[PDB]
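Before any questions on binding or motion, here is one chain by itself as structure tokens, the form solved without thymidine-3',5'-diphosphate.
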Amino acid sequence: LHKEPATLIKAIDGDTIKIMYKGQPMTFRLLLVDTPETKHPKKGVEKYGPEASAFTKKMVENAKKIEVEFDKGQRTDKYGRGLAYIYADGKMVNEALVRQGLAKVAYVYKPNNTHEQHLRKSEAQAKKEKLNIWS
């Protein structure tokens, strides 16, 4: 797995960010994490939804460099969204959200599950600290 440079275009939700990748605007979905949504299909603006959303947004908007890291499996989902680990200044956005109890580790689909263990380790820590979602 390789990190590739990308440019922020706009944060959309806790789990979705629009980025310029290899010169193309693309919507990216954060791999392996589910955050509460402000959009969400059925639901709507669930609890911690606005919180996860502001977290992702501040973190990617205040970064000097954003990098995209594809997993070993398919790289887009059925909506055309990129499936990646997103890094802000060397820090993985997907892990940061899980470490703060602002996301749960998702339904996992091999072979896109390389950082599954790391994330689960951060999820257990946030639960144990009883943070946000976990309180």
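Each residue number is its position in the shown sequence, starting from 1.
- Higher average CA B factor: 38-46, of the stretches 38-46 and 99-107.
- Per-stretch averaging of Cα B factors for 56-64 and 90-98 places 56-64 on top.
- Among the modelled residues of its chain, residue 20 has a C-alpha B-factor that falls in the middle third according to the deposited record.
- Ranked against the other modelled residues of its chain, the C-alpha B-factor of residue 81 as given in the entry falls in the middle third.
- Looking at the C-alpha B-factors along this chain, the one for residue 11 belongs to the lowest third.
- In the PDB entry, residue 122 places in the middle third of its chain by CA B-factor.
The protein also exists as the form solved in complex with thymidine-3',5'-diphosphate; that form is not presented, and the subsequent description refers to it.
- thymidine-3',5'-diphosphate is not drawn, but in the deposited bound form it has a heavy atom within 4.5 Å of residue 77.
- The closest non-hydrogen atom of residue 83 lies within 4.5 Å of thymidine-3',5'-diphosphate in the deposited bound form.
- In the deposited bound form, thymidine-3',5'-diphosphate sits within 4.5 Å of a heavy atom of residue 31.
- In sequence order, 107, 109 are the residues of 94-116 having a heavy atom within 4.5 Å of thymidine-3',5'-diphosphate in the deposited bound form; the partner itself is omitted from this view.
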